[PDB]
There are 2 protein chains.
Amino acid sequence: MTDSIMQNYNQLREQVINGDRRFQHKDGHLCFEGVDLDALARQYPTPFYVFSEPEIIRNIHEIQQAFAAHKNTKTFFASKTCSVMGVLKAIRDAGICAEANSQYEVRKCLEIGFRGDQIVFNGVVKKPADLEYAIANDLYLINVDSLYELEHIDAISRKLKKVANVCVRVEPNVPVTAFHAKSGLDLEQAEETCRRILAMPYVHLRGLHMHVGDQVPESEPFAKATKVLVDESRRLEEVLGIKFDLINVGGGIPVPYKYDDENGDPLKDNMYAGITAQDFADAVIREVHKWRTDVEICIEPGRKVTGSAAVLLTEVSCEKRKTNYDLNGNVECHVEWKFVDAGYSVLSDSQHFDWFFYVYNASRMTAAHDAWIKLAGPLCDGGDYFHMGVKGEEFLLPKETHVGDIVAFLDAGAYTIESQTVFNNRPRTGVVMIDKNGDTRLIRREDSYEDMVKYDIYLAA
Amino acid sequence: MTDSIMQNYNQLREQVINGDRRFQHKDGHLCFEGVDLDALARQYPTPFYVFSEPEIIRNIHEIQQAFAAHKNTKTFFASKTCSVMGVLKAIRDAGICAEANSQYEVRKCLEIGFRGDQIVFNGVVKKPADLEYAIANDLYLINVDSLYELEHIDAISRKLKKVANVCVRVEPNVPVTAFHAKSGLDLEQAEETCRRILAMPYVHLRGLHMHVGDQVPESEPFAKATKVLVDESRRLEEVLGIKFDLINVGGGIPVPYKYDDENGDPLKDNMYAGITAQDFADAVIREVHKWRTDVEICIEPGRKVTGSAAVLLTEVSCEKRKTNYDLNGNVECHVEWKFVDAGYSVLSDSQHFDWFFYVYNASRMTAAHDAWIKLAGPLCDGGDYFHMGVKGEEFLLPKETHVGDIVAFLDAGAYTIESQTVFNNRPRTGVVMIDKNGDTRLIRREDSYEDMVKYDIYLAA
Ligand SMILES: [Cl-]
Ligand SMILES: [Cl-]
Ligand SMILES: [K+]
Ligand SMILES: [K+]
């Protein structure tokens with residue numbers, strides 16, 4: 001039944017407002033950490049993202065508590081996930097470290113107050129200028145992704161007379177890695193690469209690195225890949241006569257985007273989280289401890305830190321009914337279109353990666369969501385509507401939904417800011433933060449008109 | 001054979017440098033309008049796009065010549081395709097008009113020198129502020145996309161005491177429109193919508209509008225949809241006792257992304273252009289002339305104006321070989337990975353829309369492209385490699401390819417600039433223009449570090 005789908009969705013809605021650590025209701029409205037989101041969306045122009053420092057902290061706690069059995073664990077937030085400076089500041093103040101994915105990511109992490117010894121710099125294209133900047137800033141780790149890059153690390157560390165601290169990335173063939181994995185070295189190359197680093201005067205080998213993937217719905221991939229890295233670490237300690245400082249096992253802890261696990265198969269629909277942080281930690285720690293209990297384990301969670309910790313707020317800005325008629329002029333069906341002021345230039349993964357986010361009427365959060373609608377964005381593009389619905393391409397909202405109501409997309413905190421575009425010269429969005437005291441502030445402005453053209457060089461008028 | 005695929009690709013390569021109006025060779029390098037692109041990519045940091053004003057002009061000529069049988073044709077470049085100010089200036093100087101897709105697009109078109117009477121403003125979400133700005137600027141057309149929006153057009157035109165010039169967008173059900181087309185009104189709503197506009201004191205009804213789609217590989221959709229709009233225009237002239245100024249038939253003229261038409265089926269692979277501008281014009285004009293030969297026809301080409309008129313230049317910045325071994329340690333296959341400094345944050349449609357672009361070694365353009373390689377970008381994302389290869393996910397480059405060589409992606413002028421992101425805080429690219437005299441200048445800067453953080457509000461260090 002669609003009645004059953006509708007019943008289930010309204011049970012989920014009730015659980016948001018009565019059963020979720022993040023949310024409440026007041027005045028008929030969805031609240032996030034006590035902040036009425038209808039009211040918030042009248043103080044700031046839509047569309048915008050609102051982050052929760054309290055929920056970031058809760059997510060970091062899940063991660064760190066998961067690793068309680070291994071004291072020497074170091075946690076580096078994968079800042080490609082979200083690098084708005086106030087988001088990075090909340091993460092730094094919560095007591096963890098940072099992983100960076102470009103020269104400018106390294107620089108902004110340093111600027112917001114991560115120390116060099118709290119930063120890992122990873123990449124497949126680390127040009128001489130990138131490596132010089134990283135080495136000059138005494139980073140905790142720079143990964144070694146290829147033999148070509150390693151030659152630049154040797155030459156530049158020598159030039160600067162500064163030790164480059166490295167981890168060698170090895171991507172295991174776990175049953176095709178050569179064809180589908182661009183990153184890292186082959187297992188077969190690890191020994192000679194490590195031997196060569198040991199002989200370099202200004203490069204310090206700290207350990208091996210891997211990263212399995214993103215939104216991983218099973219523990220086995222982590223266990224099998226970690227075992228490969230652990231076995232090679234153990235073997236190289238013996239062969240080379242060294243003791244590694246660490247092992248870096250990467251990220252990939254999933255986040256629930258659908259919550260009714262009893263109705264989902266995570267291996268078929270990875271919007272269902274197939275595993276928890278505790279499952280990830282159990283797999284990793286168990287494998288590492290077969291080698292050493294004292295070695296440092298570095299992890300690089302991205303999505304899990306911020307994914308659940310933001311909402312996208314977008315105003316219903318237009319509506320229409322489209323009707324299909326048969327050849328005799330009789331109605332075949334009606335479609336109720338609701339247009340919000342955010343499209344895929346604002347929420348890119350909803351279009352490009354078939355990503356599901358819960359959608360509710362934040363202005364009518366206590367009302368039955370009892371009408372099937374299609375949800376469109378504002379871009380001049382027939383494809384700019386939200387295809388990942390509750391049932392096919394259809395969403396559920398109260399039949400009473402009105403232009404002016406605020407729609408919320410939940411779990412909108414990972415990979416949603418830097419992926420925005422200025423397609424159609426709609427601006428990239430502002431971003432608001434709810435701090436630990438429940439107070440709000442703007443942490444990113446909406447792009448202005450000046451910002452659309454300030455990059456261009458042209459004869460003025 | 002893959003030998004046959006390789007032979008065919010090298011025949012295409014030879015045709016680029018001996019048989020293409022845009023390109024030549026010099027010093028072993030690809031040249032665009034006489035500009036050596038290897039040399040250009042040493043003067044400006046990669047990756048960057050280079051546009052050709054001469055090729056934009058040639059494309060506009062194709063379009064306008066296609067409409068020679070209808071004198072009263074007005075051509076509006078769909079500026080969502082590319083709105084870098086120097087690109088818009090070239091289009092304005094070539095003598096055509098502009099279609100705009102947001103308030104800021106309208107504003108930049110006015111700023112670069114399109115007059116109000118040369119601008120169409122389209123949209124599904126035209127908020128009061130957008131409509132007020134458009135009406136105040138005396139635009140040639142503002143489309144009417146819904147009854148809800150029309151109420152704002154009436155109220156705001158009355159407030160300003162300024163006539164709003166409109167075209168009513170009608171999306172025909174051509175064998176599901178209600179379910180798949182968010183834009184426009186139903187045919188069945190056109191009569192009453194027009195009747196109501198006629199009665200408004202400050203709204204001027206000019207005609208009907210449609211837009212079929214993008215990269216359309218057959219003429220029939222245009223002919224059938226145009227006939228629907230023409231038949232309803234004729235009928236409403238009679239019923240309402242009026243004479244329409246115009247009919248706006250939209251865009252969608254395709255561009256060839258693969259050129260060996262003898263080997264392609266455009267209905268299965270629409271990288272093959274299934275039709276030319278002349279085919280589009282023949283379909284449209286034939287249908288309009290069954291009603292009136294004097295009425296103005298408005299067209300809204302986007303992709304066809306700029307698609308063929310840019311190249312993305314990107315340096316080979318790293319390389320590696322990955323090898324799959326069997327359980328006995330014997331080699332199963334090798335993969336030669338070449339890493340360029342542009343990934344899907346720079347060339348978004350290569351990832352998100354399965355878009356093919358020809359790829360050549362611009363530094364070795366006269367050398368046989370005789371080695372199968374995989375082409376990766378620089379993002380820290382396993383999916384950031386180019387999947388739309390010559391054969392599956394494999395490309396062809398000279399075996400002699402070296403780090404430092406410049407790779408060119410052809411046909412990179414449509415939907416490639418505003419769709420860029422700062423994912424991983426890699427900057428959005430600079431843009432260079434080759435003018436009519438063959439001289440180059442920077443028309444957009446690369447985003448600087450300041451630009452990564454200038455939008456953020458945070459406590460300084
Ligand atoms: Cl830590
Ligand atoms: Cl014109
Ligand atoms: K060493
Ligand atoms: K009127």
Side-chain angles (χ1 to χ4, degrees), chain A residues 57 59-68 70-79 91-99 109 114-115 117-120 135 140-142 144 150 153-155 157-158 161-168 193-207 236 240-246 248-249 251 281 296-301 305, chain B residues 57 59-61 63-68 70-79 91-99 109 114-115 117-120 140-141 246 248-249 251 281 296-301 305:
Chain A
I57 290 164
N59 285 335
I60 292 171
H61 179 81
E62 294 182 37
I63 293 163
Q64 294 199 108
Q65 180 58 30
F67 280 83
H70 189 80
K71 173 178 72 64
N72 293 335
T73 300
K74 197 165 182 80
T75 300
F76 298 84
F77 168 63
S79 66
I91 293 165
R92 201 233 58 89
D93 290 350
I96 65 169
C97 297
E99 181 270 358
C109 285
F114 291 99
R115 311 175 302 260
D117 67 18
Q118 296 180 286
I119 299 168
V120 179
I135 295 167
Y140 193 69
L141 287 173
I142 301 166
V144 174
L150 179 57
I153 296 174
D154 190 14
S157 65
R158 286 169 180 256
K161 309 190 77 182
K162 274 195 80 66
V163 170
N165 297 308
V166 305
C167 52
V168 175
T193 302
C194 286
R195 186 181 284 109
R196 293 170 59 194
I197 292 164
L198 289 178
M200 295 172 185
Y202 274 107
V203 186
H204 178 231
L205 178 63
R206 290 224 210 255
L236 294 177
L240 302 176
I242 63 184
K243 184 175 207 166
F244 285 116
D245 288 346
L246 59 82
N248 183 343
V249 300
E296 178 175 85
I297 295 172
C298 297
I299 61 172
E300 304 174 327
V305 175
Chain B
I57 290 164
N59 285 335
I60 292 171
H61 179 81
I63 293 163
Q64 294 199 108
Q65 180 58 30
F67 280 83
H70 189 80
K71 173 178 72 64
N72 293 335
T73 300
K74 197 165 182 80
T75 300
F76 298 84
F77 168 63
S79 66
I91 293 165
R92 201 233 58 89
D93 290 350
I96 65 169
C97 297
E99 181 270 358
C109 285
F114 291 99
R115 311 175 302 260
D117 67 18
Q118 296 180 286
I119 299 168
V120 179
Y140 193 69
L141 287 173
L246 59 82
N248 183 343
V249 300
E296 178 175 85
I297 295 172
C298 297
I299 61 172
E300 304 174 327
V305 175

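Just follow the structure's listing: the first ligand is 1, and inside any ligand the first atom is 1. Below, chains carry the letters A, B, ... as their sequence lines are ordered, and counting in each starts from 1.
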Okay, side chain of A:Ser79, backbone of A:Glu99: is any donor-acceptor separation there less than 3.5 Å?
yes
For the K ion (ligand 3), how many protein N, O or S atoms lie at less than 3.4 Å?
4
For A:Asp117, all residues meeting side chain to side chain donor-acceptor pair (under 3.5 Å), sequence neighbours excluded
A:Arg115
Applying the side chain to side chain contact (heavy atoms under 4.5 Å, CB included) criterion to B:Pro301, which one of B:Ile96, B:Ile63, B:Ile60 satisfies it?
B:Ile63
With side chain to side chain contact (heavy atoms under 4.5 Å, CB included) as the test, would you mind laying out the steps for A:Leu246 and A:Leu141 before giving the verdict?
CA-CA 10 Å; A:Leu246 59 82; A:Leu141 287 173; 4.0 Å; yes
Sub-4.5 Å side-chain heavy-atom contact between A:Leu240 and A:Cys194:
yes
May I ask you to test the A:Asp245-A:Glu296 pair for a side-chain heavy-atom distance under 4.5 Å?
no
